[PDB]
> 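Input: one structure, supplied below.
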Amino acid sequence: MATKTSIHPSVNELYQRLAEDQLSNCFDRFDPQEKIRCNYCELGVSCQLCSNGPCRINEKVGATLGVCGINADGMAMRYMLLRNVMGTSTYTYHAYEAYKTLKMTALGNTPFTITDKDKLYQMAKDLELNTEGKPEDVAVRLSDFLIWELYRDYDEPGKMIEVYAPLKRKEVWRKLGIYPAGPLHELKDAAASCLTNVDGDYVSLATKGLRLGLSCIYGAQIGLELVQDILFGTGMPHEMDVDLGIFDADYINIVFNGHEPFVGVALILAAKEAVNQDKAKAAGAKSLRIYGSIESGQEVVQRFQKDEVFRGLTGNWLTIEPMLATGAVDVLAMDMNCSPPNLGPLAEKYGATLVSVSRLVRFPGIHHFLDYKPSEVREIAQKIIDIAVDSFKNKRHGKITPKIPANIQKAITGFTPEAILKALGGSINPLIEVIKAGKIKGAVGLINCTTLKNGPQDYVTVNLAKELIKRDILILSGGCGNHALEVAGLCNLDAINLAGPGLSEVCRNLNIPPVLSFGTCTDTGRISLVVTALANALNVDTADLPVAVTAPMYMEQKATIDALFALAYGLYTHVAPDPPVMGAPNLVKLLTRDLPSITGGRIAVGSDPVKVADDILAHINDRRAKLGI
Amino acid sequence: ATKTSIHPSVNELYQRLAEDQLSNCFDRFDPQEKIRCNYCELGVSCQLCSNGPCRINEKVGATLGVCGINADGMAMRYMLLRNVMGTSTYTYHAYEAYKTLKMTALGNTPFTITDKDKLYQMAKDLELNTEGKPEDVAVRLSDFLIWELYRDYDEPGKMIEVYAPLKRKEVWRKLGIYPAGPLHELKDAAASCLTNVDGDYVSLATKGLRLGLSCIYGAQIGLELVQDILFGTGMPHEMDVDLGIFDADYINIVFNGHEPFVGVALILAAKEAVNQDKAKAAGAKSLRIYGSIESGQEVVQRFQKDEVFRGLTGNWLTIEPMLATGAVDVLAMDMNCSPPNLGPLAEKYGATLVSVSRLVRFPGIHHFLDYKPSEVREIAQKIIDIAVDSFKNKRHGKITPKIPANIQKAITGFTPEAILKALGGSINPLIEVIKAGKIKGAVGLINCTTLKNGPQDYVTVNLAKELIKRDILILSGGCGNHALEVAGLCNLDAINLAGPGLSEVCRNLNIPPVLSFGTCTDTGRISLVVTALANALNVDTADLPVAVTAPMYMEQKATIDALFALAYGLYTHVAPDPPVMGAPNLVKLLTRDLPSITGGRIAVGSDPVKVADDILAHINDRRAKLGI
Ligand code: SF4
Ligand code: SF4
Ligand code: FES
Ligand SMILES: [Br-]
Ligand SMILES: [Br-]
Ligand SMILES: [Br-]
Ligand SMILES: [Br-]
Ligand SMILES: [Br-]
Ligand SMILES: [Br-]
Ligand SMILES: [Br-]
Ligand SMILES: [Br-]
Ligand SMILES: [Br-]
Ligand SMILES: [Br-]
Ligand SMILES: [Br-]
Ligand SMILES: [Br-]
Ligand SMILES: [S]
Ligand SMILES: [Xe]
Ligand SMILES: [Xe]
Ligand SMILES: [Xe]
Ligand SMILES: [Xe]
Ligand SMILES: [Xe]
Ligand SMILES: [Xe]
Ligand SMILES: [Xe]
Ligand SMILES: [Xe]
Ligand SMILES: [Xe]
Ligand SMILES: [Xe]
Ligand SMILES: [Xe]
Ligand SMILES: [Xe]
Ligand SMILES: [Xe]
Ligand SMILES: [Xe]
Ligand SMILES: [Xe]
Ligand SMILES: [Xe]
Ligand SMILES: [Xe]
Ligand SMILES: [Xe]
Ligand SMILES: [Xe]
Ligand SMILES: [Xe]
Ligand SMILES: [Xe]
Ligand SMILES: [Xe]
Ligand SMILES: [Xe]
Ligand SMILES: [Xe]
Ligand SMILES: [Xe]
Ligand SMILES: [Xe]
Ligand SMILES: [Xe]
Ligand SMILES: [Xe]
Ligand SMILES: [Xe]
Ligand SMILES: [Xe]
Ligand SMILES: [Xe]
Ligand SMILES: [Xe]
C-alpha cells in the first residue's frame, strides 16, 4: 500500500491498524498525490497571486515571464518570502502570548509563578530596565519592553539584537543593511512586498527573507524562550521516556499538542489536585495522567520531570495520527501546529475528544473550543479535565480496544547553554580545547521538522545524525527532528558508543550524549546563543566557526525561517528536501554559491545521509584549516 | 495579442510596443493561456509544505492533500494568505500616513495642515484632547490612529464604534467578527494559514471577514482622513485624463503607485522658480508633474489642473504603453502597480525609473529613494534633478515621441462632503429621490483592471453603462474609476447615457451619473455614505438598495474590500471568478449561505447585461422589502 511509512516500529504498527480500519492517513495520502505531481510548482516556477494567472514559466513554449512580467527567480523567491511570513507570524504570536502571560502572572491572574528570578534580573540588567521594587514589577517591565521589541518600526533601533548577537555579525548586518525592525512591521513589509507588481527582484526578496529571519530570531524567539524560562524554569538535563509505549489505557490520558506550553503546564497543575484525581478514580480509571506531544510537550519535557501525572513525550507531528490509533487518548488539546485537519474521523473511531485551545487551530471534527487567555487558563485547564473524564466514561472505557506498542525509549532532555556551562564546569573553554584538539570536529545545529517527501518518517534525520556523530561531530538537536532523535535512542548515554573516537571519548568523560536535545525550533535563537558564545570567546566571526546547520526533513516555514536566519547568521545551512526554487537558476546560484561572499553562509542540498555528512565535515574542516586547527 | 484594450490610445501604444519587439502584458497573456493549470484556476492546489505540492482530484484518489485538508479549506486558506498581502499594503500606507502627519505637525515636512476643521471634528468624534494648537491635536490624532493599528484582542476599537452603523455593529458582535488592530489581525490570519493549523473553510472565511473589517476601520478610514487633513478634502472639479495630456516638449515627471506624499512634494518643488529655470536651461518649455494610477487619483481628487500638475495618465495596464509614448523622463514608483519588466521599455523609450519606496524593487530601476517624511523634501528635488539630466542625455533629441491624441474630461474629487453639499447640506433629498424611484439604488464600483475576463476595461465600462441605464447611481474607486474617467462616464456628457430618473436627478444636481470617489482605499470612505443612509433610515446595511462590484479585479486590495463588503452585509459582485470554484462548500458559503450570516453574498459573472440585471434584481428585492 503506502510506499513510505516510518523508521519507528511503533508508528508502523499503528499505521497498520489505521489502514486496517480503512481510515485515511498521511502515509496513505502521499502516493495519490505522487500520481499527479506538478513539476511547475515543485520547481517553484508557478504563481497564483493575481487574476491574470495562474501563470507557469515555460520558455520553450513562449511563456518566459508571467503576465505581469516577473521572471522565474523573482517568482520563486517571492513565493518563499510570502509563506515565510506565516512562520514569522507564528513565532510572533507565540512571543506576544508569552509576554502577555508573564504580565498577567506578575500581577497574580494566573496559576503560574516566576520560577527563574536569576534570569529575570539578568535580562533586566542587560536590557537596562528598572530593577527596583518587587520581582513582579521587573517582570511587568520586561513584558512591556519585549512587547515594544515586537512593535518596533523601521526607524527605531532595537536592544535585543545588540545584546544577544556578536560584534562582527552586527557589523556584517549593518554593512548589508539587513538590520530588521520589529517582527510585526517586518512581516507586514514582506507581505506588502509580495503583492503583485510591488517587489519582483529575487535579490531584493532574498534580502527581505534574511531580514525576516533576523526579525524572527531577535524580536520573537529569544525573548519568548527566556520568558518561558522565567515562568517555568531554565531547563536542566534529566531522563525522560519517549515513544508511544508510555501510554496506559487504564488511565484518563490527556495529551496537549502544539507549540505553547501554557495549557500543558496548567493541565499538569490542575491534575495535581486531589479532587481531579478522585474524579478520575470515581470514573473508573486508575488516575489522571497528562502527556506531552510535539513541540509543546518538548518545551515541557525540557523543564519538567517525569512523575505519575506527566509521563513524557509522544513524538513528532507524523506520530499524531498513529497516536490516536492507540485507542488510549481521551483528550487531544491542540494549540498550534501541528494539528492535522483530518483528525476528526480518527478521534471518532478510536474514542477520542478533540479540544482546541487556540483561535488559530480549527478543522472539521473538533468537539470543544477554548481560546487561550492567560487570565482564564486555569479554568480552561479544569474544563479540559472535565471533558476527558466525560469522554473516558462515554466513548473509550469499555468500548475502544487499545493497541499501545511496547516501545519505550530513554532520552536525556532539558539541555541548555547553562547546562553546557554546568557540564563543562561553568566555562566554555574546555569545549574550545576539545574542538582545537580535534576530538570534536565541530557542532551541528539540527533544527528540523519531519516529512514524507524525501523518505519515510525520520529516516534522513536519524541516519544523518548517526553519520554526523560517527565523524566526531557534536549535535545540538531542536524541533521534531529532535523528537525523532530522542525516540531513535541517540539522546541517551548508550548513544555515546555510536559516536566516533574523539566524540565518544569526550562524551563519556563528560557523561553526556553526542546529541544534546535543546528543545524545539523556537530554541534556534537559544542555539545561536551557543554559537555566539563560541564566536565571542574566540573573537572570530560566526561564519568562521566550525559549525553547521541542517534541516534534513523540513516541511513548512517554521524551519525555513530558521534556515533564513542561519543564512543571515552566516552559516552553512543544509536543507532537505529541496525548497521549491530549483526552477529558478539565478536564485539557486545566489543561495548556494553567492551568499558566502554576502552573509558568509550558503544553502546545501541532498537527502543522502552519507554525502550530506561528508559535505558538512568538509565545510567544518575548511573552517578548521583556516583557524590553524 | 487576442486581447488588448477598449481605449484607442493604449491600443496605439501597444502597436508601438509590438513594433519595438518588446514584451508586454497583452503579449504575455497568450503564452500563459496555452498551458493554464486548471487546478490552480479552480483553487484546488497548494504549495505550503514539503509533502506537497498537492492537488484535489477525487477520481484518481487525491481527495485530500497529504496533510488531510479538503478542497474548501485549501482554497479558502490560500485566499486568506493572499489577502494578508493586501491587508499589509493598506496597513503600510496607513502607518506611513500617520507618521507623515505627526512629522508634519513638528515642521519637518514641506507639508502643512490644510483641513483644520476636519482635524478638530475628528478629534471631537474620537473624544480626544482639543487643547493647544493644531499641531498638538494632529500629534494626538496620529498617536490615536497608530494605537488603532496596534490594537489587540481585549482593547475594543473606537473607530468602528464611531464610523459604523448600529445594526451592523450588533451583527458583528453576535457573529464574533469584531477585529483587533489590522496588524494583529493580519498576523493571526497568516499564522492560521500555516500547515496543520486552521483547516476549516468556515473559520478561514470568518477570519477573512475579520481581516476586511480590521482593514477598513483600522486603516483605510483613518489614513484617508489624515491625507484629507494634510492636503484638503477633495471637491468636484474638472480634470484631463487619458494619455493625450502628454507633451514631449516638457520635462515630464510621473508619480505612480498608491501613496501620494512624493507626488505632492514633487508638485510643490516643481512650482519653485529655480526648478523651472533648471527645466528651461535644458531646452524644455517648462517642468510638469503627472499622476498615474492610485497616487495620481488621490492628487486629482484633491488638486486642480494648473501649469505644473496636468492630471492622470491611466490605470495599471496603461503603464507599459505610457512609457511607449516616448515622453516620460522620470517614473517615480511608490507602490503597486509597478510592473517588474519596465527596465527594457524605459531603456527603449528613454525614461528613467525611480523607486521612492523600499517595497518597490525590480530589475532596471536606476535610483532608489526610500521614502521618509523628514526626507521627502530632498527626495523630490533629487527626482527633479534626475529628470533634468535624463531629459538632456536620454530623451531630448533622440527618442521619437508618439503621444496619442485622446484626451477626456472627468469631474474628480467626489467625497461624502461633496455629496452633502450638492444635496443642499442634508441626506434627505437623496432619500427622497431613492424612495420615489428616480434612482433605484447605488452601486460601489471598487475595482482594478485585468486581462483575465476580457480586454482592458471592457467589462467595467460596459457594466457601468448598463447600470446607469438601469437608473443606478455609481460611486467609483480604483483603476475601474480610471477606466470610467477615460471612457467619459464621469462628466456631464454622460447624463445622456443614464436612465430617465437618474438623468433627471443628475441634471437637477449637476453631477455625472458616475461619481469618481478616488481609490480602492476610499472603499471605507464609500462605507461612510452607506452608513449615513443606514442611520437616517434606521435600517441595516443589508436592507439598503445598494451593491458593490469589482468586475475586473486583479489582486487582494480589491478582494479585501470585497471581504469587507461581505462583512458589511452587501451584495458583492466580483469578476473574474476568484480561485475558489473548485470548492463546492466554499462556493456555497460565499454565494448562498452568507445572507443568513452577514446579509451579503458573492455574485459572479462577466456578462455586463446579466451582471447588471442581477444587481438590479437584488436592488429591487431590497426595495420591495423596504416598501418602496
Ligand atoms: S502576479 Fe504575475 S506571475 Fe503571478 S499570477 Fe499574477 S500575472 Fe501571473
Ligand atoms: S499544506 Fe497540506 S495540502 Fe498544502 S502542500 Fe502541504 S500537505 Fe499538501
Ligand atoms: S498545480 Fe497548478 S501550476 Fe502546479
Ligand atoms: Br506538470
Ligand atoms: Br540586577
Ligand atoms: Br523600565
Ligand atoms: Br523586453
Ligand atoms: Br490541468
Ligand atoms: Br497658530
Ligand atoms: Br499642499
Ligand atoms: Br518659473
Ligand atoms: Br521621519
Ligand atoms: Br455623506
Ligand atoms: Br429635503
Ligand atoms: Br468554475
Ligand atoms: S521545525
Ligand atoms: Xe477518514
Ligand atoms: Xe509551442
Ligand atoms: Xe518555503
Ligand atoms: Xe494574548
Ligand atoms: Xe488563577
Ligand atoms: Xe541576498
Ligand atoms: Xe510550575
Ligand atoms: Xe489575559
Ligand atoms: Xe462525551
Ligand atoms: Xe554555551
Ligand atoms: Xe559539550
Ligand atoms: Xe551549533
Ligand atoms: Xe541514559
Ligand atoms: Xe573531555
Ligand atoms: Xe544557530
Ligand atoms: Xe530556505
Ligand atoms: Xe535550519
Ligand atoms: Xe536552494
Ligand atoms: Xe484571492
Ligand atoms: Xe514612515
Ligand atoms: Xe488624546
Ligand atoms: Xe500603541
Ligand atoms: Xe463565514
Ligand atoms: Xe447624489
Ligand atoms: Xe453642505
Ligand atoms: Xe432608501
Ligand atoms: Xe448612495
Ligand atoms: Xe454605494
Ligand atoms: Xe461599501
Ligand atoms: Xe472575495
Ligand atoms: Xe469590491
Ligand atoms: Xe465564489
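Naming convention: chains lettered A, B, ... in sequence-line order (proteins, then strands); numbering from 1 in each chain. Heavy atoms only: backbone and side chains are in, while hydrogens, waters and symmetry mates are out.
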> Would you please name every residue forming a ring pair (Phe, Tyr, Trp, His ring centres under 6.0 Å) with B:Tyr150, sequence neighbours left out?
A:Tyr151, A:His185
> Using residues 157-164 of chain A as the side-chain source, report each donor-acceptor pair under 3.5 Å to any protein atom, sequence neighbours left out, with the distance given to one decimal.
unit_1   : atom_1 : unit_2   : atom_2 : d
A:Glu162 : OE1    : A:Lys170 : NZ     : 2.8
A:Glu162 : OE2    : A:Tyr179 : OH     : 3.2

> For A:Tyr372 and A:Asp335, test the side chains for any donor-to-acceptor distance below 3.5 angstrom and give the result as yes or no.
no
> What I want to find out is whether A:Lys119 reaches A:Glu418 closely enough, with some N-O distance under 4.0 Å, to be called a salt bridge.
yes
> Nearest 0.5 Å, what's the CG-CZ distance between A:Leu129 and A:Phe145?
6.0 Å
> Kindly give the heavy-atom pair with the smallest separation between A:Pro513 and A:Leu490, and that separation in Å.
CB-O, 4.2 Å
> If we ignore angles and hydrogens, is there a donor and acceptor under 3.5 Å between the side chains of A:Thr92 and B:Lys187?
no
> Would you find a donor on one side and an acceptor on the other, under 3.5 Å apart, between the side chain of A:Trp317 and the backbone of A:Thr450?
yes
> Distance from A:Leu567 atom CG to A:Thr560 atom OG1, nearest 0.5 Å?
10.5 Å
> Which atom pairs, one a donor and one an acceptor, fall under 3.5 Å between side chains of residues 521-539 of chain A and the rest of the protein, sequence neighbours left out?
unit_1   : atom_1 : unit_2   : atom_2 : d
A:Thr522 : OG1    : A:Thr520 : OG1    : 3.2
A:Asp523 : OD1    : A:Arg526 : NE     : 2.9
A:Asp523 : OD1    : A:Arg526 : NH2    : 3.1
A:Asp523 : OD2    : A:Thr520 : N      : 2.6
A:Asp523 : OD2    : A:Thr520 : OG1    : 3.4
A:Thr524 : OG1    : A:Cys521 : O      : 2.4
A:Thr524 : OG1    : A:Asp562 : OD2    : 3.0
A:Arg526 : NH1    : A:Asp229 : OD2    : 3.1
A:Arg526 : NH2    : A:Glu225 : OE1    : 3.0
A:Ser528 : OG     : A:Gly525 : O      : 2.3
A:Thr532 : OG1    : A:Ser528 : O      : 3.2
A:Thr532 : OG1    : A:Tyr569 : OH     : 2.6

> Which pair of non-hydrogen atoms, one from A:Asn337 and one from A:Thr90, has the smallest distance, and what is that distance?
ND2-CG2, 4.4 Å
> If we ignore angles and hydrogens, is there a donor and acceptor under 3.5 Å between the side chains of A:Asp116 and A:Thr234?
yes
> Can a side-chain donor-acceptor contact be found between A:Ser375 and A:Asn109 if the only test is distance below 3.5 angstrom?
no
> Would A:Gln302 and A:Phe232 count as a side chain to side chain contact (heavy atoms under 4.5 Å, CB included) if you check the C-alpha gap in whole Å, the side-chain angles of each, and the deciding distance to 0.1 Å?
CA-CA 10 Å; A:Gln302 283 286 308; A:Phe232 318 123; over 6 Å; no
> Taking atom CD of B:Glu148 and atom CG of B:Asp143, what is their separation to the nearest 0.5 Å?
12.5 Å
> Within the structure provided, determine whether A:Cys480 and A:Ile294 are in side-chain contact (heavy-atom separation under 4.5 Å).
yes
> Would A:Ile384 and A:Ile254 satisfy side chain to side chain contact (heavy atoms under 4.5 Å, CB included), going step by step from the backbone distance to the final call?
CA-CA 9 Å; A:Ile384 297 180; A:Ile254 298 180; 4.2 Å; yes
> Can you tell me how far the CG atom of A:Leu150 sits from the CG atom of A:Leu224, to the nearest 0.5 Å?
9.0 Å
> How far apart are the closest heavy atoms of A:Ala551 and A:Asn448, and which atoms are they?
C-OD1, 3.5 Å
> Check the side chains of A:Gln382 and A:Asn276 for a donor-acceptor pair under 3.5 angstrom, ignoring hydrogens and angles.
yes
> Are any of the side-chain heavy atoms of A:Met236 and A:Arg303 separated by less than 4.5 Å?
no
> Side chain of A:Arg362, backbone of A:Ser358: donor and acceptor closer than 3.5 Å?
yes
> Assess whether salt bridge (charged side-chain N to carboxylate O under 4.0 Å, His left out) is satisfied between A:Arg211 and A:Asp189, documenting all intermediate values.
CA-CA 10 Å; A:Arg211 201 177 209 99; A:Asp189 290 1; over 6 Å; no
> With a 4.0 Å cut-off on N to O distance, would you call A:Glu379 and A:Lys383 a salt bridge?
no
> Assess A:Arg289 against A:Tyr251: is NZ or CZ under 6.0 Å from the centre of the six-membered ring, and within 45 degrees of the ring's axis?
yes
> Looking at A:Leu421, I'd like to know if its CG atom is crowded, meaning that more than 12 non-hydrogen atoms belonging to other residues, nucleotides or ligands lie closer than 6.0 Å.
yes
> Using modelled atom types only, decide if a donor and an acceptor are shared between the side chain of A:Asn84 and the backbone of A:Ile561 within a distance under 3.5 Å.
yes
> Between A:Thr314 and A:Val255, is there a side-chain heavy-atom distance shorter than 4.5 Å?
yes
> For A:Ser356 and A:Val361, indicate whether the former's side chain and the latter's backbone hold a donor-acceptor pair under 3.5 Å.
yes
> Quick test of your reading: applying side-chain hydrogen bond (donor to acceptor under 3.5 Å, both in side chains), list the pairs with at least one residue in residues 124-136 of chain A, sequence neighbours left out, ordered by first then second residue.
A:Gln122-A:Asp126
> Stepwise, does the side chain to side chain contact (heavy atoms under 4.5 Å, CB included) test hold for A:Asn511 with A:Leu493?
CA-CA 7 Å; A:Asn511 206 25; A:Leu493 302 179; 3.5 Å; yes
> Indicate the atoms forming the closest heavy-atom contact of A:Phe112 with A:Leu231, along with that distance.
CB-CD2, 4.5 Å
> Would you say A:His238's side chain and A:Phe304's backbone share a donor-acceptor pair under 3.5 angstrom?
yes
> How would you list, by chain and number, every residue that makes a side chain to side chain donor-acceptor pair (under 3.5 Å) with A:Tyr99, sequence neighbours excluded?
none
> Taking only residues two or more places apart in sequence, or in another chain, which ones meet A:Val549 in a side-chain contact (heavy atoms from CB on, under 4.5 Å)?
A:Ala566, A:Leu571, A:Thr573
> Starting from the C-alpha separation in whole Å, work towards a yes-or-no answer on side chain to side chain contact (heavy atoms under 4.5 Å, CB included) for A:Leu214 and A:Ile178.
CA-CA 8 Å; A:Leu214 286 175; A:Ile178 59 176; 4.0 Å; yes
> Would a 4.5 Å heavy-atom cut-off, applied to side chains only, mark A:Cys491 and A:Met240 as touching?
no
> Pick out which of A:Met336, A:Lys558, A:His483 makes a side-chain contact (heavy atoms from CB on, under 4.5 Å) with A:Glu295.
A:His483
> So, taking the atom named CD1 in A:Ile385 and the one named CD in A:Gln277, what distance separates them when rounded to the nearest 0.5 Å?
8.0 Å
> Does the B:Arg151 side chain pair with the main chain of B:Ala180, one donor and one acceptor, at a distance under 3.5 Å?
yes
> So do the side chains of A:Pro180 and A:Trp173 get within less than 4.5 Å of each other, counting heavy atoms only?
no
> Rounded to the nearest 0.5 Å, what separation is found between the CG atom of A:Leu120 and the CZ atom of A:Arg141?
10.0 Å
> Would you mind reporting whether A:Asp241 and A:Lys410 have side-chain heavy atoms less than 4.5 Å apart?
yes
> Below 4.0 angstrom, N of the basic side chain to O of the carboxylate: do A:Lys100 and B:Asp152 qualify?
yes
> I'd like to know if the side chain of A:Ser293 and the backbone of A:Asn257 have a donor-acceptor N/O pair within less than 3.5 Å.
no
> Are any side-chain N or O atoms of A:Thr413 and backbone N or O atoms of A:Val301, one a donor and one an acceptor, separated by less than 3.5 Å?
yes
